[PDB]
Amino acid sequence: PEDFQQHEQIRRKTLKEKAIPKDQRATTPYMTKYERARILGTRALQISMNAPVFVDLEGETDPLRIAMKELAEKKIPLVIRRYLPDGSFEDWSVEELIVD
Amino acid sequence: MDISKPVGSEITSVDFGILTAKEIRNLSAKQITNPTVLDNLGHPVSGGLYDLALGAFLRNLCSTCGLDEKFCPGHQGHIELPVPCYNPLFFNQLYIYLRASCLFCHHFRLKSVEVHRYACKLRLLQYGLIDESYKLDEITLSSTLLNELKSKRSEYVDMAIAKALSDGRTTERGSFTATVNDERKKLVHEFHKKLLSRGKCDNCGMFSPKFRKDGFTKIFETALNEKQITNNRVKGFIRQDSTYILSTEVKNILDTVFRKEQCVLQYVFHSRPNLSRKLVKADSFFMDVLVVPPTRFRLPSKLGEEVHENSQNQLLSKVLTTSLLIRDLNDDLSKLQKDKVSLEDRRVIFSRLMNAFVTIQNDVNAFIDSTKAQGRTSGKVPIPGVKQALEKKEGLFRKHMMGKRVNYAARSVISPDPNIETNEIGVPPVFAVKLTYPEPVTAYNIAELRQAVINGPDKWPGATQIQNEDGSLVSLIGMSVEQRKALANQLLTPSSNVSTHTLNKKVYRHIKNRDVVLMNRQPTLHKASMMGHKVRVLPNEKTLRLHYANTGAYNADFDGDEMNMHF
Amino acid sequence: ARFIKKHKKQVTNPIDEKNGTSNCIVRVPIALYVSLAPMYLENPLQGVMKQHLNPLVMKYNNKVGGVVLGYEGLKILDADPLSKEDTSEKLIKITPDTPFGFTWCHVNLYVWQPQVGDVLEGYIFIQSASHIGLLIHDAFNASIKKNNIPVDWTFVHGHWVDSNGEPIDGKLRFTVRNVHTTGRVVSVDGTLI
Amino acid sequence: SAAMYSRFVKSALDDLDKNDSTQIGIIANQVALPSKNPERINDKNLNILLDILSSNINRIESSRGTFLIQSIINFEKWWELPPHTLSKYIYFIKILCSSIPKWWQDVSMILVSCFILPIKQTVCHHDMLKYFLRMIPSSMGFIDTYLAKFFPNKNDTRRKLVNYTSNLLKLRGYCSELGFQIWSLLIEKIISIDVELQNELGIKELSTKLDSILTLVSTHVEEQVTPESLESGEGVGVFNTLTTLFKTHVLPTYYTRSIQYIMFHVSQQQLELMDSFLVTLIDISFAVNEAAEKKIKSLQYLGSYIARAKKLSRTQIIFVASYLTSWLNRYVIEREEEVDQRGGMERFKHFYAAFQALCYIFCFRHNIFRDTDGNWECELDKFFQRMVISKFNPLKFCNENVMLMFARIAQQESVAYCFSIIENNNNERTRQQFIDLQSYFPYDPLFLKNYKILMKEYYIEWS
Amino acid sequence: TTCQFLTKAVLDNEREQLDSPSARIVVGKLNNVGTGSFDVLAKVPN
Amino acid sequence: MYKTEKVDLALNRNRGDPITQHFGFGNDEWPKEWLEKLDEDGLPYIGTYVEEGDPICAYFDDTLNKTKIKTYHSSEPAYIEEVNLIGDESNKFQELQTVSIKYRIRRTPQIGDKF
Amino acid sequence: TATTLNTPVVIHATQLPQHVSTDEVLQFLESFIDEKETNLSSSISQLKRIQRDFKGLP
Amino acid sequence: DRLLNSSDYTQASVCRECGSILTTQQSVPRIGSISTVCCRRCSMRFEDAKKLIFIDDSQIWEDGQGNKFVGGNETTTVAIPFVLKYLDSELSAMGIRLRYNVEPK
Ligand SMILES: [Zn+2]
Ligand SMILES: [Zn+2]
Ligand SMILES: [Zn+2]
């Protein structure tokens with residue numbers, strides 16, 4: 001019980017010794033075709049279960065279409081965590097990535 | 001798989017290892033001892049292979065958990081082998097170490113210094129230190145010098161691992177890449193070659209009798225040759241301060257060798273550092289008990305109307321009979337005074353015992369490796385053992401894991417249609433009415449789903465059932481229009497239960513033009529032979545309709561070829 | 001050489017003054033890994049409270065080894081290790097398969113963790129010839145079985161009477177024999193010898 | 001016998017300390033028998049067995065003792081026992097749940113289930129629930145789920161349903177807190193009846209069922225919420241809880257009348273009940289968020305309510321409606337150009353919805369909107385015309401029967417004109433759900449026998 | 001040959017790190033390449 | 001299309017054994033909808049339309065003290081064409097045990113048919 | 001019963017429990033009760049009864 | 001979807017402690033108590049545990065036969081293909097043990 005605490009502190013400490021700083025990011029500033037699809041699907045999933053929606057529905061009933069709309073206006077509150085092959089990662093907000 | 005039943009725990013790695021007879025006995029739900037499986041009223045025989053502690057069977061409830069044939073996961077039991085048997089899977093490796101042993105000083109017959117040089121190298125390779133393992137060989141400055149050599153090689157390995165850990169070259173979990181794995185495998189091969197290459201023991205100078213085998217896992221010991229018996233008694237003063245050989249003798253020999261040569265074995269048997277700190281034991285190559293798999297995995301078959309016994313049971317009952325029979329040999333053994341018994345009956349009792357052990361050991365061998373069993377009653381054709389079950393045809397892995405039967409997907413002859421879009425697929429109503437996609441009910445779709453439920457199972461676009469917040473399903477099949485209208489009006493009622501409050505109902509609505517399916521024509525040799533098409537339901541059609549612009553991709557001819565639709 | 005002995009009570013405990021009872025109320029900091037439902041994405045603390053913490057209140061919890069009375073200072077651990085413990089914008093990793101999040105949290109629990117041997121006081125609410133029934137802190141059930149009451153104590157029709165012939169009432173002081181915890185509610189087995 | 005049996009058990013218990021367990025089991029089996037079998041342990045011997053067990057309950061708190069105990073908790077129709085014997089059973093249960101408060105869970109479940117029995121046959125069950133809820137407040141948890149578990153289904157016998165509510169009411173009267181789960185059950189069940197009645201619109205059954213249930217609920221409410229009870233009581237709290245629950249269940253779900261009346265009716269008992277509940281509806285109406293369908297449903301409720309109620313102030317009602325209409329002037333100003341801008345007149349469903357409700361309210365309460373002078377409250381003469389000629393052209397987009405009736409009445413009252421605007425309209429001449437939603441009026445007249453009579457004081461029939 | 005390699009894995013006391021497509025299909029883990037190349041996190045206020 | 005199926009309830013019996021199952025109806029209680037497809041002998045009336053699940057045969061089983069029913073298995077509905085009673089030789093005495101039922105299946109030409 | 005929706009996947013104490021004075025128990029009960037004002041309602045009601053007893057009352 | 005979800009995909013119990021998916025079972029509880037999920041490998045027969053401090057009530061469980069156990073309560077559920085269970089079962093017949101490392105610990 002005392003030592004699980006220790007175990008957690010070690011996990012959390014190392015995890016904070018890998019994540020690369022924002023001002024030190026080095027991957028593509030473009031959203032990848034993969035990132036786009038998953039962002040849409042996942043945000044669509046959250047919409048289907050009553051996530052607060054950041055845009056006017058204007059009659060839309062397809063949650064994927066709602067997501068697409070949100071994406072278009074850059075109102076999707078999701079962040080992509082990109083993993084380099086050593087397990088360290090860069091966090092990129094959906095709004096900051098160039099979409100095409 | 002249900003998006004409303006999330007899982008928090010996640011498997012992150014798998015470790016391979018060996019079940020000890022202690023573990024098995026502890027976890028076991030029942031020790032099985034009766035060859036007979038059923039009684040005259042078709043109930044499980046107690047202590048038999050369908051014993052209810054191993055799980056629910058037919059209309060009986062599991063005696064271990066109490067659940068029925070549907071919710072009971074099954075439980076394993078064990079058979080007690082009255083005499084140790086070689087585990088057929090690891091019989092070749094056992095053979096290598098046995099042959100390599102010195103039956104006198106109980107080290108490997110390879111000189112200790114060399115064995116230590118291998119232990120050093122393999123240990124370095126656990127940390128991926130390939131350069132260092134070659135540098136280890138660069139170390140040199142008769143038994144006094146050797147221990148200093150051993151010692152300085154040892155302090156090099158420690159210094160190298162320490163240094164490697166301090167900088168960024170390894171963790172305590174090791175480092176394991178292909179180039180490392182290649183160097184490791186070579187060394188172990190080289191090591192084994194050198195083990196078997198020695199005659200006289202480099203360490204005590206004696207000769208051990210040579211060991212020979214079968215393809216059916218029996219071990220013979222060839223007694224000593226003339227020059228060699230002479231050589232052995234000359235070394236007689238310094239030490240002062242053919243035949244079948246039982247699996248129990250073999251185990252005793254290896255037990256001691258594994259104690260003495262533990263250091264090297266600690267790295268030969270671990271590609272990573274052994275954090276667990278478990279000893280490497282000889283028992284790992286042997287087995288005193290057999291795990292009886294759950295019952296649910298040992299049921300009879302029906303070939304149409306006739307019922308056939310389970311083949312794994314046929315094999316296990318042969319273990320059972322031999323077992324009872326040996327327990328009787330063992331009873332008459334000490335059940336007859338030596339005084340009255342004879343060097344004459346002593347020989348015959350042994351003869352009968354050897355016979356029993358050999359044939360039970362054969363029946364066990366034949367299972368996990370039928371290719372090691374003696375062909376039965378010349379005819380019949382062998383019954384598959386576990387090896388053959390996993391390797392039947394393309395094998396379990398390829399036939400039921402890398403590929404599987406699917407569901408919901410449909411198949412039909414395709415027909416051409418110039419009037420659908422090049423990205424659509426014309427779906428016959430016969431499909432459109434049977435396919436399910438779940439819908440969760442929300443403010444934005446309550447109008448739509450109300451109508452679907454009202455429409456019912458048989459009027460498109462309708463619905464076949466409703467999932468409630470407590471996961472339960474309600475069929476719309478037997479229902480009148482009024483009953484459906486009722487259910488449609490309670491689709492969006494609040495929660496009367498805190499535990500399900502985060503969920504909404506789901507309507508299992510019929511196909512819809514809004515939908516996407518996956519179309520497939522075999523052989524699928526590139527990814528364009530499996531594409532996503534938008535659904536277009538077409539009245540009165542009995543086949544799938546596909547625009548010509550897609551023939552190229554699918555390599556489709558419209559000559560009665562078929563496609564699969566996946567939803 | 002073998003340690004299953006890592007189920008040994010590492011929360012000792014004493015008595016009191018100006019008094020004589022034990023104090024079993026304790027404050028323990030915990031970490032807990034919990035799910036966050038999509039409906040709470042704008043109210044994550046609210047959601048952690050309604051989903052996980054609230055259901056712990058006034059139930060025994062195997063990990064803190066007592067009854068949880070309540071909680072203070074809930075904090076979500078940002079999955080972004082680069083942010084300040086300050087900010088009110090945090091990251092919660094979403095399941096691959098589902099829309100649910102899972103985050104670590106820190107919170108403080110107040111726990112009633114009584115242990116065999118302790119001295120407690122109860123308010124008598126029932127007296128049969130078979131047991132005396134008490135209520136500790138006017139909340140938790142206690143019970144002294146007929147033969148944990150000293151031998152010279154007598155009964156009538158009813159109500160108990162002590163060593164000196166005078167009836168007992170209200171506050172009674174007893175020692176903990178066993179704590180039953182598996183039933184609907186906690187119940188203490190107490191003794192007077 | 002008398003003393004022989006005292007021995008038999010006293011032996012049985014000795015034998016139990018030795019684990020033989022046979023004697024006990026013989027006894028248990030004897031008590032477990034059905035109320036019908038003559039061979040079930042008789043009163044006198046049971047008197048004995050009980051008083052002996054109560055005297056040292058600790059002798060039994062063992063795995064060996066479990067079966068005996070289970071057999072006494074499961075004693076058929078114990079409430080049908082005798083006085084003296086009944087008393088020993090009660091004392092035993094009391095004693096039992098004291099030490100190992102583990103059997104109270106089993107005892108209370110059976111108790112609640114007996115709530116389907118008359119107003120009398122449960123006294124003992126409630127007496128016991130009241131007692132142990134107090135001494136074991138932690139129990140409220142699982143015993144609440146019992147309230148769920150044992151509710152009778154709508155299909156199940158009426159006597160079962162009518163009983164299980166009779167008991168819940170009795171329970172309410174000694175465990176005020178538990179309240180919510182109960183109210184959730186009643187609400188959940190009444191919605192079932194309302195919904196089904198609509199869809200269906202055996203049936204003779206649901207009528208008298210749903211009738212027996214509502215008439216009960218409302219009479220209890222006529223009592224329970226009372227001015228005395230509102231100042232110092234839990235009538236006010238009950239009212240608030242009820243209102244919230246009611247709105248939420250009613251607030252949402254689609255197209256059915258048979259329960260929403262409960263609120264129509266309790267409301268009009270006292271002026272404040274009308275007031276505060278009505279203000280809650282106003283809070284609902286004009287929240288920015290709310291489903292384009294929630295705001296429209298409320299507005300239908302709002303309009304139907306004002307029209308039909310009976311315990312109204314003319315004036316508390318009308319002024320708020322006038323303010324909403326001024327709310328109207330703003331809507332059109334911050335939106336017609338939103339009208340001559342890109343989109344359709346559907347963008348304004350919600351506007352018409354509210355304007356309908358207000359027009360409808362004016363039809364039924366017109367004769368009221370003329371003050372002493374003969375002038376119009378809220379300048380209805382000048383106001384209606386302005387909307388009618390606006391760019392929204394309400395007359396074209398609102399209902400097909402209210403707009404007509406408003407025309408008739410408004411024209412009659414020199415309040416506003418319209419037959420030429422109608423002519424122009426049909427000359428110039430997801431859309432369905434809207435037409436559907438605009439056709440439903442949650443406070444159009446009720447059906448059925450008693451409730452109707454009870455509502456009369458609170459209702460204006462068209463006549 | 002399944003049992004041979006299994007035999008090799010056991011005698012090495014190997015850990016399957018579950019990184020290959022085959023291994024992940026065996027254990028039911030989402031594939032690496034492609035989708036399995038990034039994480040998703042939720043931005044939460046307050 | 002025509003399909004002939006052979007129903008032979010001597011399939012189980014161990015060679016010239018006592019006969020358990022006889023074509024016809026027993027006196028226990030059985031559906032009655034059965035007589036829509038089946039004549040008194042337990043054989044189907046010629047001409048009858050028969051779709052998946054319908055009875056094509058009824059016999060009384062002695063070991064069951066019940067009247068049972070062989071059902072029609074194709075997912076394609078058909079009509080009964082010929083019902084042949086295949087009696088046995090070895091000189092009479094033996095009662096009915098073997099029957100051949102010939103089904104007639106309509107084939108209007110369809111989309112996907114080859115010419 | 002218990003699912004991933006209403007139950008933590010795992011719980012761990014990060015320190016040894018620290019005993020608290022009566023004055024502290026009272027200050028905590030105070031605020032916890034206030035902040036939380038259907039199942040939770042009937043529960044803080046019961047907690048309110050327990051804090052009453054701690055202070056000696058009815 | 002197609003090689004897991006739209007096919008099998010059925011939660012299973014693991015012991016976080018020994019990493020098995022074959023040695024768990026539902027406890028059989030006394031009437032009134034609720035069933036829990038326990039590991040037959042990681043728990044002691046009740047007798048043997050007494051024979052080596054006081055033992056908490058939540059730490060004892062029983063099977064259908066009636067034997068009492070101490071410990072083995074470190075279980076969860078993971079999502080695996082069913083055929084994995086079959087493979088693990090066959091492997092244990094051959095004396096081979098798979099050990100799944102589950103997180104969070
Ligand atoms: Zn089972
Ligand atoms: Zn030697
Ligand atoms: Zn385990």
# chains A, B, ... in the order shown; residues from 1 in each chain; ligands from 1
call {"tool": "residues_around", "arguments": {"residues": "residue 174 (chain D)", "least_positions_apart": "5", "cutoff": "12 Å", "atoms": "only C-alpha atoms", "output": "PyMOL selection string"}}
result
chain D and resi 123+125-134+167-169+179
call {"tool": "write_last_selection", "arguments": {"atoms": "N, CA, C and O atoms", "output": "PDB file, in the first residue's frame"}}
result
ATOM      1  N   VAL D 123     -49.900  -2.963   8.710  1.00  0.00           N
ATOM      2  CA  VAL D 123     -49.454  -2.202   9.876  1.00  0.00           C
ATOM      3  C   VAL D 123     -48.162  -2.754  10.475  1.00  0.00           C
ATOM      4  O   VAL D 123     -47.194  -2.022  10.668  1.00  0.00           O
ATOM      5  N   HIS D 125     -45.889  -4.595   9.162  1.00  0.00           N
ATOM      6  CA  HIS D 125     -44.759  -4.466   8.243  1.00  0.00           C
ATOM      7  C   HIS D 125     -44.150  -3.058   8.289  1.00  0.00           C
ATOM      8  O   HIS D 125     -42.927  -2.898   8.331  1.00  0.00           O
ATOM      9  N   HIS D 126     -45.012  -2.046   8.271  1.00  0.00           N
ATOM     10  CA  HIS D 126     -44.575  -0.664   8.356  1.00  0.00           C
ATOM     11  C   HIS D 126     -43.985  -0.371   9.723  1.00  0.00           C
ATOM     12  O   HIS D 126     -42.942   0.275   9.826  1.00  0.00           O
ATOM     13  N   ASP D 127     -44.653  -0.851  10.773  1.00  0.00           N
ATOM     14  CA  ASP D 127     -44.165  -0.653  12.137  1.00  0.00           C
ATOM     15  C   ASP D 127     -42.720  -1.095  12.209  1.00  0.00           C
ATOM     16  O   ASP D 127     -41.877  -0.412  12.782  1.00  0.00           O
ATOM     17  N   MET D 128     -42.442  -2.237  11.593  1.00  0.00           N
ATOM     18  CA  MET D 128     -41.103  -2.817  11.591  1.00  0.00           C
ATOM     19  C   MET D 128     -40.133  -2.050  10.697  1.00  0.00           C
ATOM     20  O   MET D 128     -38.971  -1.878  11.062  1.00  0.00           O
ATOM     21  N   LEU D 129     -40.606  -1.602   9.529  1.00  0.00           N
ATOM     22  CA  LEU D 129     -39.768  -0.815   8.630  1.00  0.00           C
ATOM     23  C   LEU D 129     -39.398   0.509   9.300  1.00  0.00           C
ATOM     24  O   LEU D 129     -38.231   0.920   9.293  1.00  0.00           O
ATOM     25  N   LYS D 130     -40.397   1.169   9.877  1.00  0.00           N
ATOM     26  CA  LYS D 130     -40.157   2.423  10.581  1.00  0.00           C
ATOM     27  C   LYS D 130     -39.093   2.204  11.647  1.00  0.00           C
ATOM     28  O   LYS D 130     -38.113   2.936  11.719  1.00  0.00           O
ATOM     29  N   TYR D 131     -39.279   1.172  12.459  1.00  0.00           N
ATOM     30  CA  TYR D 131     -38.336   0.877  13.529  1.00  0.00           C
ATOM     31  C   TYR D 131     -36.899   0.758  13.026  1.00  0.00           C
ATOM     32  O   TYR D 131     -36.017   1.487  13.474  1.00  0.00           O
ATOM     33  N   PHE D 132     -36.662  -0.157  12.092  1.00  0.00           N
ATOM     34  CA  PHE D 132     -35.290  -0.456  11.693  1.00  0.00           C
ATOM     35  C   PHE D 132     -34.662   0.538  10.706  1.00  0.00           C
ATOM     36  O   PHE D 132     -33.435   0.612  10.578  1.00  0.00           O
ATOM     37  N   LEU D 133     -35.485   1.317  10.017  1.00  0.00           N
ATOM     38  CA  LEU D 133     -34.927   2.377   9.186  1.00  0.00           C
ATOM     39  C   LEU D 133     -34.234   3.374  10.112  1.00  0.00           C
ATOM     40  O   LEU D 133     -33.171   3.916   9.800  1.00  0.00           O
ATOM     41  N   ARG D 134     -34.856   3.589  11.263  1.00  0.00           N
ATOM     42  CA  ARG D 134     -34.379   4.525  12.269  1.00  0.00           C
ATOM     43  C   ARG D 134     -33.066   4.056  12.884  1.00  0.00           C
ATOM     44  O   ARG D 134     -32.119   4.829  13.003  1.00  0.00           O
ATOM     45  N   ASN D 167     -49.567   0.359   0.199  1.00  0.00           N
ATOM     46  CA  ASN D 167     -48.476   0.164   1.154  1.00  0.00           C
ATOM     47  C   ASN D 167     -47.426   1.256   1.050  1.00  0.00           C
ATOM     48  O   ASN D 167     -46.946   1.761   2.066  1.00  0.00           O
ATOM     49  N   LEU D 168     -47.058   1.602  -0.176  1.00  0.00           N
ATOM     50  CA  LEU D 168     -46.061   2.646  -0.399  1.00  0.00           C
ATOM     51  C   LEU D 168     -46.509   3.961   0.221  1.00  0.00           C
ATOM     52  O   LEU D 168     -45.701   4.705   0.778  1.00  0.00           O
ATOM     53  N   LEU D 169     -47.806   4.239   0.145  1.00  0.00           N
ATOM     54  CA  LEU D 169     -48.347   5.422   0.800  1.00  0.00           C
ATOM     55  C   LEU D 169     -48.198   5.302   2.315  1.00  0.00           C
ATOM     56  O   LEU D 169     -47.821   6.265   2.996  1.00  0.00           O
ATOM     57  N   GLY D 179     -38.960   8.587   0.413  1.00  0.00           N
ATOM     58  CA  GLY D 179     -39.648   9.453  -0.523  1.00  0.00           C
ATOM     59  C   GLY D 179     -39.305   9.334  -1.994  1.00  0.00           C
ATOM     60  O   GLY D 179     -40.208   9.154  -2.810  1.00  0.00           O
TER      61      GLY D 179
END
call {"tool": "residues_around", "arguments": {"residues": "residue 62 (chain C)", "least_positions_apart": "6", "cutoff": "10 Å", "atoms": "only C-alpha atoms", "output": "PyMOL selection string"}}
result
(chain C and resi 181) or (chain G and resi 11) or (chain H and resi 56+58-59)
call {"tool": "write_last_selection", "arguments": {"atoms": "N, CA and C atoms", "output": "PDB file, in the first residue's frame"}}
result
ATOM      1  N   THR C 181     -18.962  -7.369   8.520  1.00  0.00           N
ATOM      2  CA  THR C 181     -18.905  -6.324   7.517  1.00  0.00           C
ATOM      3  C   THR C 181     -19.588  -6.703   6.213  1.00  0.00           C
TER       4      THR C 181
ATOM      5  N   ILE G  11      -8.392   1.129  -6.341  1.00  0.00           N
ATOM      6  CA  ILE G  11      -8.146   2.164  -5.324  1.00  0.00           C
ATOM      7  C   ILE G  11      -6.876   1.846  -4.515  1.00  0.00           C
TER       8      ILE G  11
ATOM      9  N   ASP H  56      -9.813 -11.102   8.134  1.00  0.00           N
ATOM     10  CA  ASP H  56     -10.980 -10.304   7.758  1.00  0.00           C
ATOM     11  C   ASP H  56     -12.069 -11.124   7.055  1.00  0.00           C
ATOM     12  N   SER H  58     -14.142 -10.276   4.513  1.00  0.00           N
ATOM     13  CA  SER H  58     -14.233 -10.040   3.072  1.00  0.00           C
ATOM     14  C   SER H  58     -13.231 -10.879   2.299  1.00  0.00           C
ATOM     15  N   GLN H  59     -12.294 -11.466   3.039  1.00  0.00           N
ATOM     16  CA  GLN H  59     -11.182 -12.235   2.488  1.00  0.00           C
ATOM     17  C   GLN H  59     -11.476 -13.744   2.374  1.00  0.00           C
TER      18      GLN H  59
END
call {"tool": "residues_around", "arguments": {"residues": "residue 82 (chain H)", "least_positions_apart": "2", "cutoff": "8 Å", "atoms": "only C-alpha atoms", "output": "list in words"}}
result
residues 8, 9, 10, 80, 84, 85 and 86 of chain H
call {"tool": "write_last_selection", "arguments": {"atoms": "N, CA, C and O atoms", "output": "mmCIF file, in the first residue's frame"}}
result
data_model
loop_
_atom_site.group_PDB
_atom_site.id
_atom_site.type_symbol
_atom_site.label_atom_id
_atom_site.label_comp_id
_atom_site.auth_asym_id
_atom_site.auth_seq_id
_atom_site.Cartn_x
_atom_site.Cartn_y
_atom_site.Cartn_z
ATOM 1 N N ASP H 8 -17.099 -12.575 -31.921
ATOM 2 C CA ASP H 8 -17.073 -13.063 -30.547
ATOM 3 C C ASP H 8 -17.078 -11.907 -29.553
ATOM 4 O O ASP H 8 -18.137 -11.402 -29.179
ATOM 5 N N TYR H 9 -15.888 -11.494 -29.127
ATOM 6 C CA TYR H 9 -15.752 -10.398 -28.176
ATOM 7 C C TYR H 9 -16.625 -10.624 -26.945
ATOM 8 O O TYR H 9 -17.798 -10.247 -26.926
ATOM 9 N N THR H 10 -16.047 -11.241 -25.920
ATOM 10 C CA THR H 10 -16.771 -11.518 -24.685
ATOM 11 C C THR H 10 -15.866 -11.354 -23.468
ATOM 12 O O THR H 10 -14.905 -12.103 -23.293
ATOM 13 N N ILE H 80 -11.139 -10.334 -24.481
ATOM 14 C CA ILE H 80 -10.288 -11.226 -25.274
ATOM 15 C C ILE H 80 -11.050 -12.046 -26.274
ATOM 16 O O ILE H 80 -12.227 -12.274 -26.124
ATOM 17 N N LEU H 84 -8.866 -17.595 -27.366
ATOM 18 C CA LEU H 84 -7.660 -17.476 -26.559
ATOM 19 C C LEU H 84 -7.771 -18.408 -25.369
ATOM 20 O O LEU H 84 -6.779 -19.062 -24.966
ATOM 21 N N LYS H 85 -8.982 -18.466 -24.818
ATOM 22 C CA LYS H 85 -9.242 -19.330 -23.677
ATOM 23 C C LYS H 85 -8.997 -20.781 -24.052
ATOM 24 O O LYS H 85 -8.392 -21.534 -23.276
ATOM 25 N N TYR H 86 -9.473 -21.169 -25.233
ATOM 26 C CA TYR H 86 -9.224 -22.519 -25.726
ATOM 27 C C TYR H 86 -7.728 -22.798 -25.890
ATOM 28 O O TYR H 86 -7.231 -23.862 -25.513
#
call {"tool": "residues_around", "arguments": {"residues": "region 72-74 of chain F", "least_positions_apart": "2", "cutoff": "8 Å", "atoms": "only C-alpha atoms", "output": "short mmCIF file (atom, residue, chain, number, x, y, z; two decimals) with N, CA and C atoms, in the first residue's frame"}}
result
data_model
loop_
_atom_site.label_atom_id
_atom_site.label_comp_id
_atom_site.auth_asym_id
_atom_site.auth_seq_id
_atom_site.Cartn_x
_atom_site.Cartn_y
_atom_site.Cartn_z
N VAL F 50 -46.48 -27.11 -49.42
CA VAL F 50 -45.69 -27.44 -48.25
C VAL F 50 -44.47 -26.55 -48.20
N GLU F 51 -44.38 -25.74 -47.15
CA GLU F 51 -43.22 -24.88 -46.95
C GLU F 51 -42.47 -25.24 -45.66
N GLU F 52 -41.26 -24.69 -45.50
CA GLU F 52 -40.33 -25.12 -44.45
C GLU F 52 -40.98 -25.20 -43.08
N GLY F 53 -40.85 -26.36 -42.44
CA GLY F 53 -41.43 -26.58 -41.13
C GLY F 53 -42.73 -27.36 -41.12
N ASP F 54 -43.40 -27.45 -42.26
CA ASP F 54 -44.67 -28.17 -42.32
C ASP F 54 -44.49 -29.68 -42.11
N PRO F 55 -45.56 -30.37 -41.72
CA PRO F 55 -45.46 -31.82 -41.60
C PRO F 55 -45.45 -32.46 -42.98
N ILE F 56 -44.65 -33.49 -43.19
CA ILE F 56 -44.78 -34.27 -44.41
C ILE F 56 -45.04 -35.71 -44.08
N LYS F 70 -42.21 -36.07 -39.03
CA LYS F 70 -41.11 -35.66 -39.90
C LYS F 70 -41.49 -34.37 -40.64
N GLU F 76 -37.19 -23.62 -49.79
CA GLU F 76 -37.99 -23.42 -50.98
C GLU F 76 -39.28 -24.24 -50.90
N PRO F 77 -40.43 -23.56 -50.98
CA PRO F 77 -41.69 -24.28 -50.81
C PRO F 77 -41.99 -25.14 -52.04
#
call {"tool": "closest_atom_pairs", "arguments": {"of": "chain B", "to": "ligand 2", "cutoff": "12 Å", "atoms": "only C-alpha atoms and all ligand atoms", "output": "CSV"}}
result
residue,atom,partner,partner_atom_place_in_ligand_line,distance
B:100,CA,ligand 2,1 (Zn),10.4
B:101,CA,ligand 2,1 (Zn),8.0
B:102,CA,ligand 2,1 (Zn),4.7
B:103,CA,ligand 2,1 (Zn),6.9
B:104,CA,ligand 2,1 (Zn),5.2
B:105,CA,ligand 2,1 (Zn),3.9
B:106,CA,ligand 2,1 (Zn),5.9
B:107,CA,ligand 2,1 (Zn),5.8
B:108,CA,ligand 2,1 (Zn),7.0
B:109,CA,ligand 2,1 (Zn),5.7
B:110,CA,ligand 2,1 (Zn),8.7
B:111,CA,ligand 2,1 (Zn),8.9
B:112,CA,ligand 2,1 (Zn),9.9
B:198,CA,ligand 2,1 (Zn),11.0
B:199,CA,ligand 2,1 (Zn),10.4
B:200,CA,ligand 2,1 (Zn),8.0
B:201,CA,ligand 2,1 (Zn),4.7
B:202,CA,ligand 2,1 (Zn),6.7
B:203,CA,ligand 2,1 (Zn),5.0
B:204,CA,ligand 2,1 (Zn),4.2
B:205,CA,ligand 2,1 (Zn),6.1
B:206,CA,ligand 2,1 (Zn),5.9
B:207,CA,ligand 2,1 (Zn),7.9
B:208,CA,ligand 2,1 (Zn),8.4
B:232,CA,ligand 2,1 (Zn),11.0
B:235,CA,ligand 2,1 (Zn),11.1
B:239,CA,ligand 2,1 (Zn),10.5
B:257,CA,ligand 2,1 (Zn),10.4
B:260,CA,ligand 2,1 (Zn),11.3
B:261,CA,ligand 2,1 (Zn),11.8
